[PDB]
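Here is the structure we will look at, set down as C-alpha cells.
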Amino acid sequence: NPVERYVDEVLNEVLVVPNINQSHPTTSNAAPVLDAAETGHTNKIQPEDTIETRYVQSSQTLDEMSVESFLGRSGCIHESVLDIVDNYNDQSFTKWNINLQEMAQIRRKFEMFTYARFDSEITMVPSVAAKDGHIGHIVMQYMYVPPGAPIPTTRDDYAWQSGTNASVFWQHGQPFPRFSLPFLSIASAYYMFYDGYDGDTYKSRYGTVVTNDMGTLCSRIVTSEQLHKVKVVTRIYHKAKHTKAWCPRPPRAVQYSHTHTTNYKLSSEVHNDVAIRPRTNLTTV
Amino acid sequence: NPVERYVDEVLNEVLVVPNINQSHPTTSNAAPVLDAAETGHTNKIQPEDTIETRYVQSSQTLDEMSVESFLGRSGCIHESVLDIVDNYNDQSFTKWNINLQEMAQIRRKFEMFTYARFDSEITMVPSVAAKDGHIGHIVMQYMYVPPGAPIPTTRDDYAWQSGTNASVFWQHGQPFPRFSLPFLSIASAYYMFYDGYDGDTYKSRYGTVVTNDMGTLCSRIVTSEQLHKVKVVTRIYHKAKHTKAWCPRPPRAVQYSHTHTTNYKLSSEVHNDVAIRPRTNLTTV
Amino acid sequence: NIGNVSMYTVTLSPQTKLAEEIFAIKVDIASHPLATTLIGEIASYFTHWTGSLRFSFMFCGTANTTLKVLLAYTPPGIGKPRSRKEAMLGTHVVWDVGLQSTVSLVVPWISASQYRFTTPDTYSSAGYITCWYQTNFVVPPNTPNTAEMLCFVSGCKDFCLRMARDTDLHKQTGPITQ
Amino acid sequence: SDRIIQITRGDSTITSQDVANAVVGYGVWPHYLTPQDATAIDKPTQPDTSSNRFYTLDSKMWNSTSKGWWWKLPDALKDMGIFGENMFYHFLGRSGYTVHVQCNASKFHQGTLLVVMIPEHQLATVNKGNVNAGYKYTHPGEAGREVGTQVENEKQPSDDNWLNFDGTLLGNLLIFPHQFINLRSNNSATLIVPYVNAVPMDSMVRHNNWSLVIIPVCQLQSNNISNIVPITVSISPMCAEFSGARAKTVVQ
Amino acid sequence: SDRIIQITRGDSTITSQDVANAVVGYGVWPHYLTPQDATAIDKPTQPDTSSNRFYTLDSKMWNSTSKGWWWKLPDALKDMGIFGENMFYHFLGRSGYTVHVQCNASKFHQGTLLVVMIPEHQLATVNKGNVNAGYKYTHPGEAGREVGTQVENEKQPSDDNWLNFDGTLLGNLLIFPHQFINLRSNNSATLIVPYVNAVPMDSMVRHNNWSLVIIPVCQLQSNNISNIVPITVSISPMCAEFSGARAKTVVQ
Amino acid sequence: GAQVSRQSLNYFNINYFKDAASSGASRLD
Amino acid sequence: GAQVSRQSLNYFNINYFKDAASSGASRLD
Amino acid sequence: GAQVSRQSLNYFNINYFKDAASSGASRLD
Ligand SMILES: Cc1cc(CCCOc2c(C)cc(-c3nnn(C)n3)cc2C)on1
Ligand SMILES: Cc1cc(CCCOc2c(C)cc(-c3nnn(C)n3)cc2C)on1
Ligand SMILES: *C(=O)CCCCCCCCCCCCC
Ligand SMILES: *C(=O)CCCCCCCCCCCCC
Ligand SMILES: *C(=O)CCCCCCCCCCCCC
Ligand SMILES: [Zn+2]
C-alpha cells in the first residue's frame, strides 16, 4: 500500500534490521565459528551462534545508509572567482572545465564505487564582496557550454547570446539559483575509474579524462563596468539524485593531488601520509 | 491514455527510433544499394541491407530534435542601453524597431525554415551599472508601440500614459519581467524569407522588411533625475512556443551583415569566409 | 577548389597502377569535409550523436564509361588503411557502374558507447571511409578520359542527435545593423 | 532485372549490373558438416561473419598475349584475416566458397574468359620424368600464377593451358562448374561451390580442394589498347568451420 | 569431495585436489550480450571453443622477498591463439574469464597469497605530479609485472603494494572478488568473473577491464628453501565475442 | 484551466492564464 | 504530476516539472 | 501528506515535507 509505504518514508523505517533471538547452550559437532577465509567468503556467523543471547526487538533502520542518502547531500565542487582588479573587460568573465574531482569531500564518496549513474542538482551561492564600498546592481550569467559549442573569448562575445545553450541569470538579492541535470553520459554509467587510454601509443592519455568530459561552465557579470570594483565568488554545490552505484571499492587512503588521476605523493615518513596512527606495540590499546 | 502520454513526456520518450533487425547473407538480383539520385529522392537503404546485422533494441528518442525543442530555447535578441552621460531628459529613454535579425545565434536557427508560426515568450534582464556609486531606486517602463501608435519624443511625452498600449513596469530588485505574445502576423505565418517587393519600381524595397514590421519598443527610466548617473542595459530574450515550421532550407554559411537581407561580403580569400577547412588533398583525412 | 562547384566532385580516370586510392575522409559527422553538409550542420547544434550513416555516390561519366570501385568503412582502433587489401578487410561495397548511376554504402553504428560526441574527441572518433579502384576506368575511343563523381550523405533510420548546443560552424564578429 | 546481382556476405556486399546468372557447383549449396558424416570428435569452431566474407585478391592485367591464370583454394586465402588465422591454428578445416570474378571493358572491346572451378586439380610436370610439382609452386597464395611467365625450375608445374596443366584437353574443361565472361555480354562471373572431398574435413595447409582457372579463349581486342583491362577476383568462404586447435602452423 | 575441482573449457581440463571453493565475481556468471543491452549493430563473431579455453601464462617464482605480481585483462592474453587474433582484428570485444591460480608447496611450508580481481584498476604514479602511467607499462602482456623490480622511469606506475598501486589500503582489497592461497589449506584459487563495464562492448586494445593482483600477505617460509615454489596462472575467456572486423591492429 | 486525468496517477495540466499564448511548451506530434 | 493515494490519509506525490531529473530524492529499495 | 476528513467541513492536515520532525506542534492527549 503506497500509503503504508509513505508512512515508512516519513518515519524512515523502510529498511529494518533483524531481531536478535534467544539462544541456548550447545554441544555439537557443527562448529559455525570455524570456517575458511581462503574461499573469499565472509563467515556469516551471528551473535546467537557464539553466546547465549536474549530476545531483543530491533528498531534500527538502514534507510540513512542507502546509496541515495550517502550521495544525496549537496557539497561544494567549485569556487569560481571574478575579481575586478584593473581591467573590467578581462576580469568580468571566466570559464571552468567541469568535473567532480577538485574537492576531496564529495570526490572521495563517489570514488567508493567504480560506476555510478545519477541525475544532478546544482545550487549556486554567489557572494559579492564590496572591495571599494558599494556593489551596485549585480546580475550574473552562468552559461553551460557543451563540448563543441563556441567558448566566449570576451565579455561581449556573441556566444553569450545563448541561442541554444542553457544559461541561468541571477540578480543579486534574489534567492540562490538551482536547476537539475539528467544523467549526461554517452555510456550507461559514469566511470569513477577507467583503466584505459584514448589510443595505443606512448603519448595516449590514461584515466577518466578520456571518458569524463562534461564541457565548460562560462560565467560573466552581466552588468557593465561600475565605479566600485567587486569580487564575486560563486560556489557551486552538487547533489546526486536517483542514484545507482556498482562495484564498491576501498576508500582513498592518501590525499588527492590531481584531477582525473589516482596519483599521489609519499613523504619519507609514510605513516604521516595515511590516517593510521602508529601503535606502541601489539598489546597497547 | 493522457496519463501514459504524460509519462512519455516526463521520460522524453514520445518519439522512439526503430530497432535494428537481424539480417542474413543474400544472393539476389534485387540490389537495394543501387539506385538513381537523378530522381531527386534519397535511397532508403538501411544497415540491414548492406551487412549482416544483429538484433538491437533501440532506446533513443527524437523528442529533443523536435521543432518545438529546437526553437524553444530563450536567446538574446537585443541589448538596450540607456547611458546617462550629461543630459538626463535626452538619455533616459530610447526606442527600438523590433526584429529577430540582430543576433546571429537565434536568427540562423529560425532561418533554417521558410515560414514559421509561433507564440513568443519575452524575458528581460535589466542590469543597472552604478557609474557614480549609488543606483537609488530604479523603475523601468517598457512600452510596446504597435505600428501607427504615437512614438514618444521626450521622457515625459503623453504617449507614456499607455492608455491602450501594453506597458511593463519593473522595479529594481524584483524578479525579471516576462510575458507572452500571441502570433502577431496579419498573414498565416511569419515570412523568414520573402522574394518580393512593396511595389514594382526601381526604388521598391526588397525582402522581409516589407512584410515583417512588428512596431517599436520604447523604454524609459521612470525615476526622475538622480544625483548619481547610471547605465541601464536591458537584454531582451526571446523564445518560441507552440511552433510550426514549413519548407526547410540550407543554414546560413557566411556571416550576416544586415537585418532583413541575405546580403553578405566576401574577402579575396573566400575560404576564410566559410566554415569549410581546406583539405591538403583528397586522401588526407 | 573552395568557392567553386568543383569542390563537390571527385575526378576519376584510367589508371596505370592497380588498386589506387581515390579519396579518404573521416566518418565523424561533424568533422571536415562532412561538417557543412545539412546533416553535419544540424549535428553541430547537438552534443551527442548515434546511428548509421548513408553515403551515396553518383557517377557522371558518359553512358559508355565503365568502372568498378571499392568503398570501405574502417571501424576505429586502427589507422586508415594504406592499401586496398587493408581497407577491403573492413565493411565495404564493390560498386559496379552501369545503368543505375548511384550506389550507397552504409556506415553501421559500431561503437563501444551508445553515443559519440559530435565534436572531435579521440575517445569517440568513428573511423574512416576510403575509396579504391576495384578494376579500372575504361572508355571506348573518342570518349572523355576523365569523369566526375558526386558524393552524398544522410542518416539511416537509427540516426539520432542529443543535447542541444550552439553551433561552432557560424559566428558573429560584429553588430548586425539595419 | 536478371542482369543485376547483389551478394552480401558478412560485412561485404558485391554488385554487378551485367551478370550471366550464377552457377552452383554440382547443384549443392554449401553447408555445415552433419553428425552422420563427421569423424573428428571435437566441437568445431565456426567464425561465421568474421571469416565468411569477401576477400579480394591481387588484380591481374589482361592483355592480347595473356595465356591464363590460376589460384588454388584454400591456399589463395591463407593470409586473409580471420579465415587465414583459423586455417593455420587448426589441423582440420572445411569450407565452401562464392567466387566472383570481375572484368569490365567497353562496348567496343571484345574478348572472352573461361572461368572454371576444378576439384582436385592435380598438376603435371612436362618432360621431367616422375618428378612432381613442388609444394611451393602449387601454393602461390593470393598472387596466384600467371601462366607463361615463370622461369622453369625442375619442380615447376606445366604451363600448357591447352592441356589444362594436367594432360587433358582445354575444350573439355566445361564438364566442371564454369562460366564465361564474354565482354559483349557480361562483366562478371559468379560461382558458388560446396565442399567436395572424400573425407568430411581435411588439412587446409596440405590439401587444396578447388582450383580457380581463368583462360582467355577469345583474345582481348579493341582500338584503345592503352586502357588497361584488369581482372579482379573476390572470394568468400561459406560455412567455414575448423577443428583440432593447437599452436599456429608456420610453413616453409 | 569439496576439496576437488575439475574445470573443462574447450580442449582444456584443469584439476586441483586442494581447493577452497570457487568465487563467482559479483555473483554473476558470464553470458553473451543481449539485444536489449547491445549498441553496435553488426553480427558478433563468437569463436566458441577455439577462444574460450585455458591459456597458461609465464610462471613466476615466489620467494621470501616477493612483493607481488599483477596482470591486466585482456592484455595478458593478447598473444594467445585465436583469442589474441580476434582482439586485434576487431574494434570491439567482450569476454568473461575463469582465472585459476596454481601454487603447491608442502605440509612443511607456510605462506599465503591474496588473489584479487579488480575492475578498472586505474594505476597511479608516485611523486610525479600529473604524469600518468604510460601505455607500455600497463600492457606487459603475459609476463605481467613483478612488483619491486622495474628500474623507475617517469611513466612507471606505483609499485607500492600496501597502497594497492592506486592510493587505497591493501587490507580493503577484500571488497573485490578474491580468494587466498594459504599453503596449509589449498594449492589453488579459482575465480569466475563476468564482463563488467559501463558499455556493452569495448576496445580490448585500449581498455583493460580486469586486473589480476597477487600479493603474498604471509611470507613464504620452510626449512627447504632451495626447492623453488612457482606460481602459475591459467586464464580461460568465457563467452568471448567480437565485432567491427577489419585489418589487424598492430600496437607500438 | 485544469485537464485532470486519472490512472491512482492523476495528471493536472493547469493553464493559469486565459490566453493560449500564455501556456508552456507544446506537446509533441 | 500527481500520485493520489487514499487510506482518510491521502498522499499527493506531485511532480511539478515535466522532466524526471527534476523530482526529489528517490524512494528506497 | 494529506489527512482529508469530511463532515461539508473537510479537514486537510497536510505534511509538506517527508520527515516527521518537519511537522508542526503535536495534537493533545
Ligand atoms: C561524472 C561527472 C558528472 C558530472 C556532471 C556535473 C554537473 O556539471 C555541471 C555543472 C556543475 C554546472 C552546469 C551548469 N551551470 N550552469 N548551467 C546552465 N549549467 C552544467 C553541468 C553539466 O561531472 N562528472
Ligand atoms: C518574425 C518576427 C516575430 C517577431 C516578434 C518578436 C516579439 O517582439 C516584441 C518584443 C521583443 C517585445 C515586445 C514588448 N516589450 N514590452 N512590451 C510590453 N512588449 C513586443 C514585441 C512584439 O519579430 N519578428
Ligand atoms: C483554469 O481555467 C483556472 C485556473 C485556476 C488556478 C487555480 C488552481 C488551483 C486550484 C486549487 C483548487 C483545490 C480544489 C478543492
Ligand atoms: C503534473 O503533471 C502537473 C502538476 C500541476 C501543479 C499544480 C498542482 C496544484 C493542483 C491544485 C488543483 C486543486 C484541485 C481542484
Ligand atoms: C504529502 O505527502 C505530499 C504533500 C504535497 C504538497 C502539495 C499539496 C497541494 C496539493 C494540491 C492538489 C490539488 C488537487 C487536485
Ligand atoms: Zn553609500
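So you can find residues: chains in the C-alpha cells are A, B, ... in the order shown, residues in each start at 1, and ligands are numbered from 1 in order.
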
I'd like a table as CSV: residues in chain G with an atom no more than 7 Å from ligand 4, each row giving the shortest atom pair and its distance in Å to one decimal, only C-alpha atoms and all ligand atoms counted, sorted by chain and rising residue number.
```
residue,atom,partner,partner_atom_place_in_ligand_line,distance
G:1,CA,ligand 4,1 (C),2.4
G:2,CA,ligand 4,1 (C),5.5
G:14,CA,ligand 4,4 (C),6.3
G:15,CA,ligand 4,1 (C),5.5
G:16,CA,ligand 4,4 (C),4.7
G:17,CA,ligand 4,4 (C),6.9
G:18,CA,ligand 4,2 (O),6.7
```

If you count only C-alpha atoms and all ligand atoms, which residues end up within 12 Å of ligand 5, as a ChimeraX atom specification?
-> /A:2-10 /F:1-6,9-14 /G:1-6,9-16 /H:1-4,12-20,22-23

Within 8 Å of range 6-9 of chain C using only C-alpha atoms, minus same-chain residues under 4 positions, as a list in words =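 Counting only the stated atoms, we get residues 1, 2, 148, 149, 150 and 151 of chain C.
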
Within 8 Å of ligand 6, counting only C-alpha atoms and all ligand atoms, residues as a ChimeraX atom specification = /A:133-134 /B:133-134

Going by DSSP on the backbone, which bits of range 15-143 of chain D are alpha helix (DSSP H)? Write them as a list in words, please.
->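 Across range 15-143 of chain D, those assigned alpha helix (DSSP H) are residues 81, 82, 83, 84, 85, 86, 87, 88 and 89 of chain D.
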
Out of chain G, which residues get strand (DSSP E or B) from DSSP, as a list in words?
->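 Secondary structure check on chain G, strand (DSSP E or B): residues 2, 3, 4, 5, 9, 10, 11, 12, 13 and 14 of chain G.
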
Got time to write the residues from that selection, N, CA, C and O atoms, as an mmCIF file, in the first residue's frame?
```cif
data_model
loop_
_atom_site.group_PDB
_atom_site.id
_atom_site.type_symbol
_atom_site.label_atom_id
_atom_site.label_comp_id
_atom_site.auth_asym_id
_atom_site.auth_seq_id
_atom_site.Cartn_x
_atom_site.Cartn_y
_atom_site.Cartn_z
ATOM 1 N N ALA G 2 0.540 14.158 -10.341
ATOM 2 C CA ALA G 2 0.099 13.828 -9.001
ATOM 3 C C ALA G 2 -0.345 12.392 -8.722
ATOM 4 O O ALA G 2 -1.368 11.912 -9.237
ATOM 5 N N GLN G 3 0.435 11.718 -7.871
ATOM 6 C CA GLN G 3 0.137 10.334 -7.481
ATOM 7 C C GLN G 3 -0.697 10.416 -6.200
ATOM 8 O O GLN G 3 -0.153 10.554 -5.066
ATOM 9 N N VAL G 4 -2.023 10.378 -6.417
ATOM 10 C CA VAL G 4 -3.014 10.467 -5.335
ATOM 11 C C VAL G 4 -3.396 9.101 -4.775
ATOM 12 O O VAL G 4 -3.972 8.252 -5.488
ATOM 13 N N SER G 5 -3.045 8.890 -3.498
ATOM 14 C CA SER G 5 -3.364 7.625 -2.826
ATOM 15 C C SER G 5 -4.432 7.975 -1.803
ATOM 16 O O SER G 5 -4.641 9.182 -1.408
ATOM 17 N N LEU G 9 -6.315 8.987 4.785
ATOM 18 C CA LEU G 9 -4.967 9.567 4.667
ATOM 19 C C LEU G 9 -4.599 9.541 3.160
ATOM 20 O O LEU G 9 -4.171 8.496 2.606
ATOM 21 N N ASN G 10 -4.780 10.684 2.499
ATOM 22 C CA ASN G 10 -4.469 10.785 1.077
ATOM 23 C C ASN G 10 -3.054 11.323 0.849
ATOM 24 O O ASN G 10 -2.620 12.329 1.463
ATOM 25 N N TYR G 11 -2.341 10.641 -0.046
ATOM 26 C CA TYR G 11 -0.983 11.028 -0.389
ATOM 27 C C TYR G 11 -0.988 11.777 -1.743
ATOM 28 O O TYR G 11 -1.716 11.407 -2.704
ATOM 29 N N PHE G 12 -0.178 12.829 -1.822
ATOM 30 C CA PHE G 12 -0.092 13.593 -3.057
ATOM 31 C C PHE G 12 1.371 13.736 -3.442
ATOM 32 O O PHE G 12 2.083 14.682 -3.003
ATOM 33 N N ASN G 13 1.819 12.773 -4.246
ATOM 34 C CA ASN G 13 3.187 12.780 -4.715
ATOM 35 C C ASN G 13 3.200 13.591 -6.021
ATOM 36 O O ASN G 13 3.104 13.010 -7.123
ATOM 37 N N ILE G 14 3.294 14.920 -5.889
ATOM 38 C CA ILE G 14 3.263 15.800 -7.053
ATOM 39 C C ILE G 14 4.610 16.007 -7.695
ATOM 40 O O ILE G 14 5.608 16.159 -7.010
#
```

Skip residue 162 in chain A itself and residues of its chain fewer than 4 positions away, then list as a list in words all residues within 7 Å of it, counting only C-alpha atoms.
-> residues 166 and 167 of chain A; 75 and 76 of chain B

Residues of chain E within 8 Å of chain B, only C-alpha atoms counted, as a list in words |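 Taking only C-alpha atoms into account, residues 35, 36, 37, 38, 39, 41, 42, 43 and 44 of chain E sit within 8 Å of chain B.
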
Find the distance between CA of residue 3 in chain E and CA of residue 196 in chain E and write it in Å to one decimal.
-> 29.2 Å
